[PDB]
Amino acid sequence: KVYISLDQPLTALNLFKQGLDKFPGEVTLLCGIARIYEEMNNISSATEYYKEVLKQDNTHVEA
Amino acid sequence: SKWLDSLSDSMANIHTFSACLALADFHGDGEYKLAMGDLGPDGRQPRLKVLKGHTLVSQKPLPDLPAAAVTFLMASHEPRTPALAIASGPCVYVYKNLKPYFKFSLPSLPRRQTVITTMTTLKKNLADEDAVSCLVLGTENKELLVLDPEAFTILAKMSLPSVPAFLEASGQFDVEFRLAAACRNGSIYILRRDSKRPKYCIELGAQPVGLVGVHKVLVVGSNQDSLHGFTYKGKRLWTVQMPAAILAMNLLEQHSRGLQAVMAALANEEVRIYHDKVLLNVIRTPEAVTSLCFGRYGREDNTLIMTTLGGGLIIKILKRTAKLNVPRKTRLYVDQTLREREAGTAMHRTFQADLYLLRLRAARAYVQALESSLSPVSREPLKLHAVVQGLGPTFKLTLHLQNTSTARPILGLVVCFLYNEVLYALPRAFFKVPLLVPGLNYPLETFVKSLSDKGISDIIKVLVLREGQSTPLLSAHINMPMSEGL
Amino acid sequence: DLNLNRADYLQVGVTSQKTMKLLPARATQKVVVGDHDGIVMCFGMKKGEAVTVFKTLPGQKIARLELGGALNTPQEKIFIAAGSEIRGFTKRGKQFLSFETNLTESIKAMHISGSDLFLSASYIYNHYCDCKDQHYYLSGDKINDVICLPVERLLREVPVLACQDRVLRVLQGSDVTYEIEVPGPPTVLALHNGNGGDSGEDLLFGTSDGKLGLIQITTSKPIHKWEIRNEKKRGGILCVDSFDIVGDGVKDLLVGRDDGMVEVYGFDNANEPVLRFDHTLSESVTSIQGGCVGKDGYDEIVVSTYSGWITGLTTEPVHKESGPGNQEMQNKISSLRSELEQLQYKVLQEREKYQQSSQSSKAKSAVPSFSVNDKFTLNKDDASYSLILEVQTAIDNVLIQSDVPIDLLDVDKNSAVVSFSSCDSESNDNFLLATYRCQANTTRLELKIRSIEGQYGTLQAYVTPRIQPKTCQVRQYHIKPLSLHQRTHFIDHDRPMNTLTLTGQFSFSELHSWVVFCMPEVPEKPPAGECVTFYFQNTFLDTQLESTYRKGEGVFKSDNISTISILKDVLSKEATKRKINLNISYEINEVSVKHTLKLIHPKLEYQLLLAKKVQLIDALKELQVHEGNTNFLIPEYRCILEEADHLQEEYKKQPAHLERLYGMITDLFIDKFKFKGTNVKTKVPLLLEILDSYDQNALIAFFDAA
Amino acid sequence: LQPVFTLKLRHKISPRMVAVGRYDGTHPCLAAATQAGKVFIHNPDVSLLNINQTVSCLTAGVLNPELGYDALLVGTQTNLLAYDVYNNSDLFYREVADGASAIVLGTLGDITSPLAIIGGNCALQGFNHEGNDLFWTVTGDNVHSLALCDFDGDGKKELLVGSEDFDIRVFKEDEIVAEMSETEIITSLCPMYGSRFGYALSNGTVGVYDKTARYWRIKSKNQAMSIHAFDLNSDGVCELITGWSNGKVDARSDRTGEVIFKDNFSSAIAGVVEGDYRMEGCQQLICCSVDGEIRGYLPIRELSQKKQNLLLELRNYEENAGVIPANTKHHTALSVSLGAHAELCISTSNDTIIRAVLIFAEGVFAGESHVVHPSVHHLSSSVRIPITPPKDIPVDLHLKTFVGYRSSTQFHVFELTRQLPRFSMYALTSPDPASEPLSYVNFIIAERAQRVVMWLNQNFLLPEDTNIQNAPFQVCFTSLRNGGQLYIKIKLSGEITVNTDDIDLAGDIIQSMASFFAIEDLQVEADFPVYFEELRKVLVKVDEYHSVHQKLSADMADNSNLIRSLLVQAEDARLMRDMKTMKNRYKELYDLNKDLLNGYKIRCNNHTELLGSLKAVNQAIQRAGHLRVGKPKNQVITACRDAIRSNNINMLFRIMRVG
Amino acid sequence: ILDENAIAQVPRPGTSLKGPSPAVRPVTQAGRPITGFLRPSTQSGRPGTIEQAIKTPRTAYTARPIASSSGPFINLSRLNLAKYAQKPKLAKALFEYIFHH
Ligand SMILES: [Ca+2]
Ligand SMILES: [Ca+2]
């Protein structure tokens, strides 16, 4: 949130991938990555990350 | 890489045109200078500047803005430099050796004089490098004055239907002269012997931005970013399309290879030399170019000097050694089509039943709306919608009302607001509306004000109704937002 | 557009003004120069090296050198005037004329018109004809140069006499016909062609403030044709000449300066001049000529430099040949190498002998004397003297000791460092002790000095050159009491004059000595007639100080109370010094204070507006960097956003002007109350507060009331 | 030469804040500070970056060698930010709280990661590509310039620190190597040679240093803003490019400082930096003015005048074979007077007089000179000059005594060099044990009490009558910048007791005596009660200041949010033409602004006091470590920092008490 | 609008937050096609000026209408937070109360 407030998507994405390196399959982190990719409007990666969320949750209302 | 570059400068503020810039011999001894009547950096200060080599040698103020500047030999007695006849106002300053030598005046009109805009020369009998040339002036009054060799008397007066803008003189004046005039009305008129009136006109469809005469074809540059080659009889023979606008067209003629091709100074930062139909020797420039000249500048028979739209000079010396996105269907689609093929009858029947029930419920809701008259769009033509603007305790509520009819005004109408008198304080909750003229959106605004100290959002109704009736003609609703009070 | 390459020639000793000439000789001419030791020499510069000719014997300091000829013959006789006599050489080492012309002090200018000889002096002017006195004049002011119009193209000889007080007295015989007025004290003047002007006669003058002109002296009145009054080209014209270097067909004007600047003026407008090429030289030009001296076939300018470097500016390129890889650089390098080796040998052995012989008891160590061409002028556009020291060698350090509160400002052209040593003002009488070390190899040093309307006193300056014994020479300038009064020729009597009369027991010479002690620009020698009137003018603000005086009486009218108060105090001090017991009687126009305050008001208004705008300049600049200033900034501050630069650069100098104005106002107040017999040295702080407020009407109210 | 390119940038460039960096990886661009706290980037169009804060440093380099992009660094007096301009993303945004007065970017000794060194109040720091503190040490005063140069030739570069104390120290990864004492606040260092570095001051002095000596030096006006070593002549050896305060760019030589190339501008010179704009594979030299014009470059008779000067000297000597007996000798004498200055008397064993004296010393006198100059009624043979140096550094006066008679217009100038020792002050007196100071530092020396007498006699202006050899050896000096004392006592075992209540003075004495007796390492036993308790009280005030700042910051943030909301509400009222509520919103805004300005004054005073307290803590660390020579120094520093991060104040003081 | 925190003013297209064409997918602004799963953190574009943000629908840039800026159990002015801070068991729940309630 802090990094998105300072308009720094590519810092937030690196931080999210660091977190996923810590927590290997977290759903909120993958969903945040997908939200950032959709705000930047490149859906071809937001669909991939929502599909990862699905592979983890499969009931996720957002993805 | 046929165009050997010589000089590229950007501090030279030379805002001339392709017609008020001419190079010729000015002190004999085979050293050609280039005289140009340059405007101000904006167009305020007319200054005549001549160029020898690539350093400025003399710039001197001029009375008014030069409309053209062309050189010519006045007589063959011990041929010195040609005379530079620079056109300014109703006057022609004839310079001999770049010195004020004569001031020809235009014969006035019954005072209402005129101004000269276009000026070229015409050959008398010889048409060689030593021949005598006569001026041809285009007055602002639609007239062409064929002058004398020494710029003091008139040899001919030709009548044109519109103010000329560009001129081309072909042949020898006495026996075979052809005068092509590109006017402001977007037309080329040709003048031949015995014809005081052209009677051979050609329309371009767009105003001609240039005019260069090839020995047989006459090119006309259009405002539609193209060239059109016509014949001297009044019949187009070809047309070529340009990728961008045409700023200035001049003539590139070298007699060694007999190449007489028209140029083109396009607005896309390039210049392409055009023969009859083919492109060749296209060049590039750091900025789009407004004027080009090709001649024997300095001591080279193949010099081309070009001035950028922003100023500066670029001089180039020509070397003598010239599959579809059809979608995909997955297992879901074939299973769905199999279900449809095996159970199509039940789907058809149940969808028809659902459509019947939907028509029933839609008619029900339409009748209920007609009863309550809640449609903001409803013989008796009207259309109203209410917009709310502003946070804070005071909101601006503007009703956009409109009469939607061919031609019939609505005289007696009135608007009445319905609100909760404990939450909103409307000053005038009822007011007449102006005479609604068919086709105009009338914004009729009011100031709603929230009174509740706690945030309470309550609806506000608006009823538009006649003054002799009691049933609202139409209505609208607005959910007032939260107050954000104090 | 013109380019001149700096080619150096032989170096001679230190030269005075207009001490170089060119023998007319189509090939290369010959250069002739005169050193301050009397060694007049001439060379031809055949090929790179100076082929010296008749380098004569040392004598007195050559004050002037001029070549002329009796008849219309090509002028070749070169006449010098060293100490008090005029010697004359032919175009070789044969002296033929030696006119003793027994005088008192020296010669400062001379002109040779065939046989006619017009020489100047400190004040005296003589016109001889072959060692026979024929005309004698004694001006009231020192003469700078003398010329006679062409006695051939015209008929009568009309010698012009340029005085120090900004006048050109065009006299005939032994009495002035009329006097032409010129801005600034004239220093050089020469008819502006090889003949003296096509249209009859024309005189071209150049003044010490930096100004050129073409006074056309007719039979009874002058006809001013143009003037080259400059702004950035300050510097005393020491030399001027006419020669066609541009090659257009009309002769150009080659003019020198005092700050090295050499300028060529072309007449391309066919009647008026225009600058074409300027070049700085790091020393003071003393003579300029045209023609050619090296590699005949290319016109060049010969410039005599103060220290003696006879330089040329040629129109011919220097690097005329090259390849894959000049040699004259190597030749000159090798020559200087060898010379410096052998000179180092000799001077090291002599230093050893001198240091070992310095221990001799009875022996005395003599000192190398040298020359310092100083110029203590007064800038008129400002209120600051501009002192300018020059030495033939380079300087090491310059002391500036004072006895007056003085501001040493900064000069961008100066490259020295400054070192304001901590004065005391209680035990030493030095209210100022500066010290300008000069970096690298600089000869001249220009430094500003700003003194208040009062505080008279001396000012010393110790100069030390970069020579081996490293001696020092002291100079004593004077900051006069009324050091801001530039003398002019006319006043306006319709101003409120606060007259003042001194009476009693004067020798007119002594009263004149008092006025010289009291005023910047007045001749020392008492003017003849026992009755003299001078028309001064304050430069900080225009207030005249007409001063008239006879053998025993003096009237010092004025437009300022401060001026007459200072005069009263200083003259009473001089009287008490010399045991006179004079009698003062003053008078006041009760509106003069109003006039002076109305004069001051615009300056204080401008200073306060300066401060008010520069306070907000930077705050507005912080807003400027955003949103591009398209729609929001008020037009009021938009008028400041453009001129921010000039406002900021004037704010740097503002505080000095504000302090000076406050001091002047408080002195005006104190003095105008002192004349009535009161002592109001106590009400000053209220006046200071009022000026912090500066209600001009409340200011005049406080002036009239208390 | 000729400027290979020129351009005009409309933004005022801050002087010492300029860098060239390939922010696109392969496309070099210019980064430069500007007014309002914005950093602009010129790509070959100008792009702004809102630092929204007054910048004080700026560089650009490779911070993570894994990728080939330059990282734009931006320092502020309370922050430090690395920035990947290409993919806009903070590499690290660290908060220093010590300030950013001078930063560099390179590889230190025995560190495998390019550090972003920084310099603040009195402490340096270091950060890797993520922002982890890997280097930290304390220095004398405010750091003004830093550069990386391999003094000592061992392949790992030590860093050169220019302290506001006028000193230039060289720091290894942990150890201090050497310190040369310049004469003014350093402003710029630049290395491009092996062990040679070019330095600038605020006098205007631009010079060059070998290991521990100056090749050349030139002092002028218009003190240099930015120095940078480049190879303008392409002779293979770099030269000192310099940009002065007037506009002059003079490329000099690293040999005897002879001007080789010269150029001029319209305003001052912000920065000279090398970087290949035109993509030619070879470095360039860009000069950037203060007013925002950039220009980029690609890489005779005076000796005859000297001959003439030699001939003039020969003329003088031949004239010989305002006059003065040739055997006139100027003899000086130093002394010290209490009733408070070091007096220097100059005389002449003749009847001649001393008309004026112009002493020239670098850092003692204000300016470079102190001309004495008696009045004509006061002239005599012997003249005394009082001197009051500001600090204890041995200075060398170059006296120039103007010798001549009374009424003379020209007279000699005798030159003479006299060195005021390090401790020129502290006149010797009689010890009064009632006024004995309690603060003392103790340590042991090698041997040779006679050599201690030598040290004391060569670093102090002791009178002639002093005779002290071995056993008691108690000398009591009284300071002259204060009333304090200085007790040097020596016992038989070789133990030196220094009883100075001042700690900087004891540090100076210990370091000088160590450098004198050729000592590498040493440990002390120091007690400074009245100073240690003051430092303790400062440490106590620190956290209170922190809390107050946090409270005021939260309050001002709340009020700023209120003001933003009120600006929006006022805009809405103005757009609906409700003038009464608009005036109400503006009254509310006026009141909030007045409250916020009051809070701003309070917070600013508190922040100034807190910065003073932090600099006091760091100066305490540096004065504790400074009291020990060699390795026993470094330890303390480390321990001291490790004693602050844990708030173990008593153990902290024990580290600075015994070590 | 009134709060600027992004360092870069005009960063490269693709590194800042500030598919199917509008001929298929409905839109909300010039771009920004309609999304699934409205969350209260959605900005979905941003206005240029305060006037544009006011003179538009209140819920065109957020899931909720935009604001101007984003008895009682215990009276906050009565308790000494310096004493509840000593007891973390009380301090944690008390902070959660003060912050979220
Ligand atoms: Ca090393
Ligand atoms: Ca080099």
# chains A, B, ... in the order shown; residues from 1 in each chain; ligands from 1
$ residues_around --residues "residue E:65" --least-positions-apart "6" --cutoff "12 Å" --atoms "only C-alpha atoms" --output "number ranges by chain"
B: 390-391, 479-484; E: 40, 43, 53-54, 56-59
$ residues_near_ligand --ligand "ligand 1" --cutoff "12 Å" --atoms "only C-alpha atoms and all ligand atoms" --output "MDAnalysis selection string"
chainID D and resid 107:111 148:160 170:173 175:177 194:195 211
$ write_last_selection --atoms "N, CA, C and O atoms" --output "CSV table (one decimal), in the first residue's frame"
chain,number,residue,atom,x,y,z
D,107,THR,N,34.1,1.6,-4.6
D,107,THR,CA,34.5,0.4,-3.8
D,107,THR,C,35.6,0.8,-2.8
D,107,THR,O,36.7,1.3,-3.3
D,108,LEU,N,35.4,0.6,-1.6
D,108,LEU,CA,36.4,0.8,-0.5
D,108,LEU,C,37.3,-0.3,-0.5
D,108,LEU,O,37.3,-1.2,-1.3
D,109,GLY,N,38.2,-0.4,0.6
D,109,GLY,CA,39.1,-1.4,0.7
D,109,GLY,C,38.6,-2.6,1.5
D,109,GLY,O,38.1,-2.5,2.6
D,110,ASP,N,38.7,-3.8,0.8
D,110,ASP,CA,38.2,-5.1,1.4
D,110,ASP,C,36.7,-5.1,1.6
D,110,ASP,O,36.2,-5.5,2.6
D,111,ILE,N,36.0,-4.5,0.6
D,111,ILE,CA,34.6,-4.5,0.6
D,111,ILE,C,34.1,-4.9,-0.8
D,111,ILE,O,34.5,-4.2,-1.8
D,148,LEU,N,37.4,9.0,-3.6
D,148,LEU,CA,38.0,7.6,-3.4
D,148,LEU,C,39.3,7.6,-4.2
D,148,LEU,O,39.3,7.6,-5.4
D,149,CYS,N,40.5,7.5,-3.4
D,149,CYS,CA,41.8,7.5,-4.1
D,149,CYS,C,42.7,6.5,-3.4
D,149,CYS,O,42.7,6.5,-2.1
D,150,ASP,N,43.5,5.7,-4.1
D,150,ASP,CA,44.3,4.6,-3.5
D,150,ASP,C,45.6,5.2,-2.9
D,150,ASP,O,46.6,4.9,-3.4
D,151,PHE,N,45.5,6.0,-1.8
D,151,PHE,CA,46.8,6.5,-1.2
D,151,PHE,C,47.4,5.2,-0.8
D,151,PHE,O,46.7,4.3,-0.4
D,152,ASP,N,48.7,5.0,-0.9
D,152,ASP,CA,49.4,3.8,-0.3
D,152,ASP,C,49.6,2.7,-1.3
D,152,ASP,O,50.3,1.8,-1.0
D,153,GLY,N,49.1,2.8,-2.5
D,153,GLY,CA,49.3,1.8,-3.6
D,153,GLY,C,49.0,0.4,-3.3
D,153,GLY,O,49.8,-0.5,-3.7
D,154,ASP,N,47.9,0.0,-2.7
D,154,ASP,CA,47.7,-1.4,-2.4
D,154,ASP,C,46.5,-2.0,-3.2
D,154,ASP,O,46.1,-3.1,-2.9
D,155,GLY,N,45.9,-1.3,-4.1
D,155,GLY,CA,44.8,-1.8,-4.9
D,155,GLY,C,43.4,-1.6,-4.4
D,155,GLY,O,42.4,-1.9,-5.1
D,156,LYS,N,43.2,-1.2,-3.1
D,156,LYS,CA,41.9,-1.0,-2.6
D,156,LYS,C,41.8,0.5,-2.2
D,156,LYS,O,42.7,0.9,-1.4
D,157,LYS,N,40.9,1.3,-2.7
D,157,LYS,CA,40.9,2.7,-2.5
D,157,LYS,C,40.5,3.2,-1.1
D,157,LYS,O,39.4,2.8,-0.7
D,158,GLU,N,41.3,4.0,-0.4
D,158,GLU,CA,40.9,4.6,0.8
D,158,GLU,C,40.1,5.8,0.5
D,158,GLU,O,40.1,6.2,-0.7
D,159,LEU,N,39.3,6.4,1.4
D,159,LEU,CA,38.4,7.5,1.1
D,159,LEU,C,39.0,8.8,1.7
D,159,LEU,O,39.5,8.7,2.8
D,160,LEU,N,39.0,9.9,1.0
D,160,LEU,CA,39.6,11.2,1.5
D,160,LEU,C,38.4,12.1,1.9
D,160,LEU,O,37.6,12.4,1.1
D,170,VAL,N,42.6,10.7,5.5
D,170,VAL,CA,42.4,9.6,4.6
D,170,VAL,C,42.0,8.4,5.5
D,170,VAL,O,42.7,8.1,6.4
D,171,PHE,N,40.9,7.8,5.1
D,171,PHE,CA,40.3,6.7,5.9
D,171,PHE,C,40.3,5.4,5.1
D,171,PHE,O,39.8,5.4,4.0
D,172,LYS,N,40.8,4.4,5.7
D,172,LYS,CA,40.7,3.0,5.1
D,172,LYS,C,39.3,2.5,5.4
D,172,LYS,O,38.4,3.3,5.8
D,173,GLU,N,39.1,1.2,5.2
D,173,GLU,CA,37.8,0.6,5.6
D,173,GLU,C,37.5,0.9,7.0
D,173,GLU,O,36.3,1.2,7.4
D,175,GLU,N,40.6,1.8,9.4
D,175,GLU,CA,41.7,2.6,10.0
D,175,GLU,C,41.9,3.9,9.3
D,175,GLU,O,41.5,4.1,8.2
D,176,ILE,N,42.4,4.9,10.1
D,176,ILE,CA,42.8,6.2,9.6
D,176,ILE,C,44.3,6.1,9.2
D,176,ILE,O,45.1,5.4,10.0
D,177,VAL,N,44.7,6.6,8.1
D,177,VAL,CA,46.0,6.5,7.6
D,177,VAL,C,46.8,7.8,7.9
D,177,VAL,O,47.8,7.7,8.6
D,194,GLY,N,47.3,8.0,-9.5
D,194,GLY,CA,47.5,6.9,-8.6
D,194,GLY,C,47.3,7.3,-7.1
D,194,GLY,O,46.4,6.8,-6.5
D,195,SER,N,48.1,8.2,-6.6
D,195,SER,CA,48.0,8.6,-5.2
D,195,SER,C,47.9,10.2,-5.2
D,195,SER,O,48.1,10.8,-4.1
D,211,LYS,N,51.2,11.9,-1.9
D,211,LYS,CA,50.8,11.2,-0.6
D,211,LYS,C,50.6,12.2,0.5
D,211,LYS,O,49.5,12.3,1.0
$ interface_residues --of "chain A" --to "chain D" --cutoff "10 Å" --atoms "only C-alpha atoms" --output "ChimeraX atom specification"
/A:3,6-12,14
$ residues_near_ligand --ligand "ligand 2" --cutoff "6 Å" --atoms "only C-alpha atoms and all ligand atoms" --output "ChimeraX atom specification"
/D:231-239
$ write_last_selection --atoms "N, CA and C atoms" --output "PDB file, in the first residue's frame"
ATOM      1  N   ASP D 231      41.568  14.642 -19.139  1.00  0.00           N
ATOM      2  CA  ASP D 231      42.768  14.576 -20.024  1.00  0.00           C
ATOM      3  C   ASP D 231      42.516  15.467 -21.218  1.00  0.00           C
ATOM      4  N   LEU D 232      42.491  16.772 -21.029  1.00  0.00           N
ATOM      5  CA  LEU D 232      42.079  17.629 -22.164  1.00  0.00           C
ATOM      6  C   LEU D 232      43.041  17.524 -23.350  1.00  0.00           C
ATOM      7  N   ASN D 233      44.357  17.480 -23.114  1.00  0.00           N
ATOM      8  CA  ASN D 233      45.357  17.505 -24.219  1.00  0.00           C
ATOM      9  C   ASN D 233      45.567  16.107 -24.817  1.00  0.00           C
ATOM     10  N   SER D 234      44.956  15.078 -24.239  1.00  0.00           N
ATOM     11  CA  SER D 234      45.168  13.683 -24.698  1.00  0.00           C
ATOM     12  C   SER D 234      46.646  13.307 -24.671  1.00  0.00           C
ATOM     13  N   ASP D 235      47.362  13.687 -23.614  1.00  0.00           N
ATOM     14  CA  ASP D 235      48.792  13.337 -23.456  1.00  0.00           C
ATOM     15  C   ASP D 235      48.903  12.114 -22.561  1.00  0.00           C
ATOM     16  N   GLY D 236      47.775  11.588 -22.106  1.00  0.00           N
ATOM     17  CA  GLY D 236      47.766  10.363 -21.281  1.00  0.00           C
ATOM     18  C   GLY D 236      47.771  10.587 -19.781  1.00  0.00           C
ATOM     19  N   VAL D 237      47.971  11.822 -19.307  1.00  0.00           N
ATOM     20  CA  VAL D 237      47.944  12.157 -17.851  1.00  0.00           C
ATOM     21  C   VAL D 237      46.805  13.146 -17.645  1.00  0.00           C
ATOM     22  N   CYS D 238      45.974  12.951 -16.625  1.00  0.00           N
ATOM     23  CA  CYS D 238      44.790  13.805 -16.361  1.00  0.00           C
ATOM     24  C   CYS D 238      45.212  15.187 -15.887  1.00  0.00           C
ATOM     25  N   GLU D 239      44.369  16.198 -16.077  1.00  0.00           N
ATOM     26  CA  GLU D 239      44.687  17.583 -15.648  1.00  0.00           C
ATOM     27  C   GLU D 239      43.568  18.117 -14.762  1.00  0.00           C
TER      28      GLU D 239
END
$ interface_residues --of "chain E" --to "chain D" --cutoff "7 Å" --atoms "only C-alpha atoms" --output "PyMOL selection string"
chain E and resi 2+7-10+15+50+54+68-69
$ write_last_selection --atoms "N, CA, C and O atoms" --output "PDB file, in the first residue's frame"
ATOM      1  N   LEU E   2      -4.282  17.692  -4.598  1.00  0.00           N
ATOM      2  CA  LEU E   2      -3.574  18.591  -3.694  1.00  0.00           C
ATOM      3  C   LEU E   2      -2.430  17.926  -2.944  1.00  0.00           C
ATOM      4  O   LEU E   2      -1.823  18.580  -2.088  1.00  0.00           O
ATOM      5  N   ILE E   7       7.862  10.726  -7.144  1.00  0.00           N
ATOM      6  CA  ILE E   7       9.112  11.399  -7.487  1.00  0.00           C
ATOM      7  C   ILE E   7       9.087  11.834  -8.946  1.00  0.00           C
ATOM      8  O   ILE E   7       9.150  13.028  -9.261  1.00  0.00           O
ATOM      9  N   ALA E   8       8.969  10.875  -9.856  1.00  0.00           N
ATOM     10  CA  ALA E   8       8.982  11.191 -11.276  1.00  0.00           C
ATOM     11  C   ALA E   8       7.674  11.853 -11.686  1.00  0.00           C
ATOM     12  O   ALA E   8       6.588  11.380 -11.338  1.00  0.00           O
ATOM     13  N   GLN E   9       7.777  12.950 -12.434  1.00  0.00           N
ATOM     14  CA  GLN E   9       6.596  13.653 -12.918  1.00  0.00           C
ATOM     15  C   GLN E   9       6.051  13.049 -14.204  1.00  0.00           C
ATOM     16  O   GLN E   9       4.834  12.904 -14.353  1.00  0.00           O
ATOM     17  N   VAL E  10       6.929  12.698 -15.138  1.00  0.00           N
ATOM     18  CA  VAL E  10       6.520  12.102 -16.407  1.00  0.00           C
ATOM     19  C   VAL E  10       7.320  10.823 -16.641  1.00  0.00           C
ATOM     20  O   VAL E  10       8.156  10.765 -17.554  1.00  0.00           O
ATOM     21  N   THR E  15       5.700   2.078 -16.171  1.00  0.00           N
ATOM     22  CA  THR E  15       6.230   1.971 -14.819  1.00  0.00           C
ATOM     23  C   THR E  15       5.455   2.812 -13.814  1.00  0.00           C
ATOM     24  O   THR E  15       5.929   3.003 -12.690  1.00  0.00           O
ATOM     25  N   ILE E  50      -9.679  20.051  -9.476  1.00  0.00           N
ATOM     26  CA  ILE E  50     -10.728  19.997  -8.461  1.00  0.00           C
ATOM     27  C   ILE E  50     -12.090  20.257  -9.086  1.00  0.00           C
ATOM     28  O   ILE E  50     -13.098  19.663  -8.687  1.00  0.00           O
ATOM     29  N   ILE E  54     -15.279  17.760  -8.965  1.00  0.00           N
ATOM     30  CA  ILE E  54     -16.526  18.172  -8.328  1.00  0.00           C
ATOM     31  C   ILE E  54     -17.693  18.064  -9.302  1.00  0.00           C
ATOM     32  O   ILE E  54     -18.754  17.527  -8.964  1.00  0.00           O
ATOM     33  N   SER E  68     -14.006  14.980   0.909  1.00  0.00           N
ATOM     34  CA  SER E  68     -12.997  16.015   0.720  1.00  0.00           C
ATOM     35  C   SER E  68     -11.607  15.513   1.083  1.00  0.00           C
ATOM     36  O   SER E  68     -10.628  15.850   0.411  1.00  0.00           O
ATOM     37  N   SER E  69     -11.505  14.712   2.140  1.00  0.00           N
ATOM     38  CA  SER E  69     -10.286  13.997   2.479  1.00  0.00           C
ATOM     39  C   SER E  69     -10.668  12.719   3.207  1.00  0.00           C
ATOM     40  O   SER E  69     -11.662  12.680   3.937  1.00  0.00           O
TER      41      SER E  69
END
$ interface_residues --of "chain B" --to "chain D" --cutoff "10 Å" --atoms "only C-alpha atoms" --output "VMD selection string"
chain B and resid 389 to 396 447 484
$ closest_residue --among "A:51, A:33, A:43, A:59" --to "chain E" --atoms "only C-alpha atoms"
A:43
$ residues_around --residues "residue D:57" --least-positions-apart "3" --cutoff "10 Å" --atoms "only C-alpha atoms" --output "PyMOL selection string"
chain D and resi 14+16-18+32-33+54+73-77+80+99-104+118-119
$ atom_distance --atom1 "atom CA of residue C:597" --atom2 "atom CA of residue C:496"
13.0 Å
$ residues_around --residues "residue D:630" --least-positions-apart "4" --cutoff "12 Å" --atoms "only C-alpha atoms" --output "JSON, numbers by chain"
{"D": [174, 175, 176, 177, 178, 510, 511, 514, 515, 518, 519, 520, 521, 522, 523, 524, 625, 626, 634, 635, 636]}
$ interface_residues --of "chain B" --to "chain C" --cutoff "12 Å" --atoms "only C-alpha atoms" --output "JSON, numbers by chain"
{"B": [55, 56, 57, 58, 60]}
$ select_by_dssp --residues "chain E" --states "helix (DSSP H, G or I)" --output "JSON, numbers by chain"
{"E": [50, 51, 52, 53, 54, 81, 82, 83, 84, 88, 89, 90, 91, 92, 93, 94, 95, 96, 97, 98, 99, 100]}
$ residues_around --residues "residue D:182" --least-positions-apart "3" --cutoff "12 Å" --atoms "only C-alpha atoms" --output "NGL selection string"
:D and (162-169 or 179 or 185-187 or 199-203 or 205-209 or 212-214 or 217 or 362-363 or 393-395)
$ select_by_dssp --residues "stretch 228-450 of chain B" --states "strand (DSSP E)" --output "PyMOL selection string"
chain B and resi 228-231+236-241+246-248+251-254+259-262+265-266+270-274+279-284+289-295+303-308+311-318+383-389+394-402+413-418+430-432+441-449
